[PDB]
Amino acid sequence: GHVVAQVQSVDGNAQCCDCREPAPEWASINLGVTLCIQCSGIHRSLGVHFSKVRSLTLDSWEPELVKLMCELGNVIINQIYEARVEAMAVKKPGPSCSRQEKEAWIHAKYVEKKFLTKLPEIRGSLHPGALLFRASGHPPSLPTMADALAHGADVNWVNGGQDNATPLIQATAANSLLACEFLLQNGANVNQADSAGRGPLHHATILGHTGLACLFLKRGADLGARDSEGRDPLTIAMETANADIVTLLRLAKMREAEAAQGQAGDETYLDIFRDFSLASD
């Protein structure tokens, strides 16, 4: 039971993010926090837009998402979402508080955004989107990205008149598995292209980042998307003499012809090949 031990072991993650209940076994994977049984239940009623609930012990976890949880966690997220509690003189619910008290708090905290600072801060500003963009880039600041997202930064922010890049494309150029995963968990469009028609998969291929290319493929990046030059990701991989991304893309296309006919997709596949390569990712 390595994942629950590992995620709990992050300082401050051994109590519920919302009521401090000890040894929480649930988590929100877009927020990056651990939660008790009661508060996880309340998170489900918010909607996937606000919170995606998973069990630390009962559900499977991809390694990169485990790493992401360890780079965020309760203390970091509460610095953002509970920033003004002390100055507002309000009472965070304790473990034995009622369901309704915790419902009220959680809703105030994550939906109403009652306890937020007015502007986001650089935790490692009038423009949350732009901050998100900048914090996603090399070197990425995950706490600052979370602060920007909390203050309404659009995950798919476009850097207008200025390449039209997105936080995801910026995280790709950073070769950051962690920032990409954070953005993807918070609704980034895996296929959104810059103004030259280059999506995240195009960028991962151009930059020779195998792991990122593999991640984008696993999240439904479109294999056949052509950029302004008419290049699809396979053309770029070939032109750049990159044997590993060639074979990923080529296997992705097979997996699709098997998903189209149905049904033989099963034991990714794309993963065991990504490991053998460790190529830029």
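Note that residue numbering begins at 1 and tracks the sequence as displayed.
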**OP:** Indicate whether the chain is continuous between residue 5 and residue 6 or, if not, how many deposited residues are absent from the coordinates: none, 1 to 3, 4 to 9, or 10 or more.
**Re:** none
Original post:
Would you class the number of unmodelled deposited residues between residue 124 and residue 125 as none, 1 to 3, 4 to 9, or 10 or more?
Top reply: 10 or more
Original post:
Quick one: higher average CA temperature factor, 203-211 or 125-133?
Top reply: 125-133
Original post:
Between 97-105 and 174-182, which has the larger average Cα B-factor in the PDB entry?
Top reply: 97-105
**OP:** Please pick out which of 193, 85, 75, 150 has the largest Cα B-factor as recorded in the entry.
**Re:** 85
**OP:** Consider only the C-alpha atoms of the modelled residues in this chain, order them by B-factor as the entry records it, and name the third containing residue 236: lowest, middle or highest.
**Re:** middle
**OP:** Taking the chain's C-alpha temperature factors as the reference, tell me which third residue 43 falls into: lowest, middle or highest.
**Re:** lowest
Subject >> Third of chain Cα B-factors occupied by residue 255 >> reply: highest
Subject >> Chain third (lowest, middle, highest) by recorded CA B-factor, residue given as residue 187 >> reply: lowest
Original post:
With respect to C-alpha B-factor, does residue 119 fall in the lowest, middle or highest third of the chain as deposited?
Top reply: highest
